[PDB]
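The data below hold one chain only, encoded as structure tokens and taken in the form deposited in one PDB entry.
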């Protein structure tokens, strides 16, 4: 992770503060952003840094270092600019309750970076600016819904997609520039070069109010317009998990005649299901799978969520028991042609659609992404 030089250079170039203003860097350690800003915008500012570990707090004489928990810190002042790279993650857990209590945007397991964002927006004076480098997950995940509403409600938000720029991959980063005055959302793309990053305005949402953020285009919109949402034709169910199966008196750890393998994502292929190979080590009489989840008795559509931001669909003609993935059951009055549907879902046009929109924000297809995939007119419809 850390914060690459070019990224830091990028964030400081979006940073702005009135001469004499207070500049703050949460979880600063040695103050990388504080130093970079000074070396770029000058010295006529009041510098402050908040760090929780005495062994990490190492700031220059011109900066006021404060040893505290940013989340629990309550200064008697507001700031003009807040720069930083907040902690990414979860988790003497009286502190956890303390966080929940103090943070309104807190939902589910959440993530500390979300808490740092809310706190930061609150220590901001009117017109104040905040610049943070965080994961892209808050763009589409349901746990960040309250946060997106919070930001939309509080001011103007600019999101700059950076992608996987940290040493450790599988963490797509995004720079968020927030100003506590106004409203709207501007989505920006960036081009990496020998010189660093170059911003490219993608699209603006003046009436943004917390809705999921996606990279839309003309093709994206046409496809979604000329088709019905998958979430309108199907009931998206989830499979039972191992404990449940390991708790069923009929489930065996070894094969046998009459015993059927509990399928997993490695059995689901693009367009077909490999009913043979066992990947769970659990076997059970097919007939009794209905006792875990009713839909297990019905041949239906299976879409993967363990294969990244990719749509992999297959029709479970035999109706075998599954340990995971998305399970789609048709709604009452919906008639459809399974073969054409599957072909459609696994198509190159569908992959591009999903990839254009959600890039690598998350390492998998979510319900929300799933339920709004467009099904073509002549496959499935309502009677």
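The term rigid core refers to the maximal set of C-alpha atoms that superpose within 1.5 Å between the two forms. Positions refer to the first chain, counted from 1.
Only in words, not in the display: the form deposited in another entry, which the text now covers.
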Q. Considering only 169, 125, 153, 222, which residue exhibits a C-alpha shift of no less than 2 Å between this form and the one not shown, with the rigid core used for superposition?
A. 169
**Q.** Is_shifted residue 250 between this form and the one not shown (CA, 2 Å cut-off, rigid core)
**A.** yes
Q.
With both forms fitted on the core, check whether the Cα of residue 283 differs by 2 Å or more between this form and the one not shown.
A. yes
(Q) For a quick test of reading the superposition: does residue 115 move by 2 Å or more at the CA between this form and the one not shown, rigid core aligned? (A) no
Q) Given that the distance between the C-alpha atoms of residue 53 and residue 169 changes by 3 Å or more in the other form, do they end up closer or farther than here? A) closer
